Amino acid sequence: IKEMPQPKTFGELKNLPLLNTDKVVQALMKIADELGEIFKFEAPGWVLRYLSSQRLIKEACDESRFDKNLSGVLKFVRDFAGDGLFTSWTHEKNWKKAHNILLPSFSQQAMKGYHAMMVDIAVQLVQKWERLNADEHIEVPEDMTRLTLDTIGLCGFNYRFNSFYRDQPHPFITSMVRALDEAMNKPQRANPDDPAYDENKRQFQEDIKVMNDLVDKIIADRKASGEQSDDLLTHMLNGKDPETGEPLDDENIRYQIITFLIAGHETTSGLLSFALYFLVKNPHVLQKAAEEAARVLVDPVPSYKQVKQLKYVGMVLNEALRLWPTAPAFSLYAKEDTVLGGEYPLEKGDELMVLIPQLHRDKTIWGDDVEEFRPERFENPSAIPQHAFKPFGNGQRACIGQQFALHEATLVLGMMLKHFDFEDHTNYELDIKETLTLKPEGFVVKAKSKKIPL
């Protein structure tokens, strides 16, 4: 039984001022490097224990002992994502009901049905890049976010955001981005009722109303038309949970759609951006991935079966998720009093946060070369130890979107490598912006067309 380490304190504010940074995950990784596998983080009114080792994270991932917790940021995201799958407690009726309804819509088999819509948006990205002039460059996270938002709009509810036709966001997206920023900023406030935050609060309520009004109209329009498109909205209007025998109600459908738009905007685009960063910094890897794309993608339009054959492109994406897991943390609570790792006693209800970038740097698992980008670590999936690699979370509360995200990212990266050579023309220095997720801010490249028709 040991006392855990704790970072530097600020008197009556305890550790709370350490949250006052626009790069809080990267700040917490540096604290983990200094203090080790576990540290306590105290604020007036709450405590979190941050975990970084596979030894302790494997225990936290035992669903008989620990369940998903809503961290302060997820409690504030719940003001607009409601009891959708991401912001519900496991014990709320709507979690298991929506999980049972939606699981078949997110299976590997379901990807055959979404493939043609994903190809529509991927072709729009390739055509944008083919149409650039010699003196221009690509704004990577900006174009990846256009692509992933547009893909989930078309597969989620047959709606075209038309992100390649504008420089200014859709009204929904201005509101969603601003609401996510407010939710991510609320936990660092020592006095949330300070009148300095009144304008923030008015704008938050306004942004929630914009998102609710727009998605409620989409749902009401589809129910009126009777149209049966092969999207997630049709599946949610027609599905019934085998356990309760009930369908989702229109309020819960709205929260699921909001949740899917947050994920499409924030997560897959980060993965694609980090993958392209590591490829231009590691040209032997780029060559090996480009050789696979050329040999496999032999038709002007990729097929589902060809995307499945992009093994090395998949290894590149896993190694990008290892170093920069774009959703970089998840929270657990102790179901009962217990002892973590034979050393750290916990009370029922105690909150834990898993720092996924530190799990993925645990040299007791990955061996000594953890900061190197080496997709060959994933060449044989049976070589990865249990609970060492967790970019999609854990157990029944793991990412429902994992197969969707990896099919979209494999298709897009494969087409990018088939159609272009890439140049890091600025010698870009990695700068990681934090929203809900991690992305490489200011990352630019030049493409040179291989002149292969679509």
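A residue's number is simply how far along the shown sequence it sits, counting from 1.
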property: Mean C-alpha temperature factor, higher of 85-93 and 293-301; result: 293-301
property: Mean temperature factor over C-alpha atoms, higher-scoring stretch between 331-339 and 284-292; result: 331-339
property: Maximum C-alpha temperature factor, selected from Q127, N200, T326, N100; result: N200
property: Candidate residues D150, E376, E142, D230, the one whose C-alpha B factor the record puts highest; result: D230
property: Lowest, middle or highest third - CA B-factor, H407; result: lowest
property: Ranked against its chain, the third holding the CA B-factor of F164; result: middle
property: Third of the chain, ranked by Cα B-factor, where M117 sits; result: middle
property: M236 - which third its CA temperature factor falls in, relative to the rest of the chain; result: middle
property: Third of chain Cα B-factors occupied by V313; result: lowest
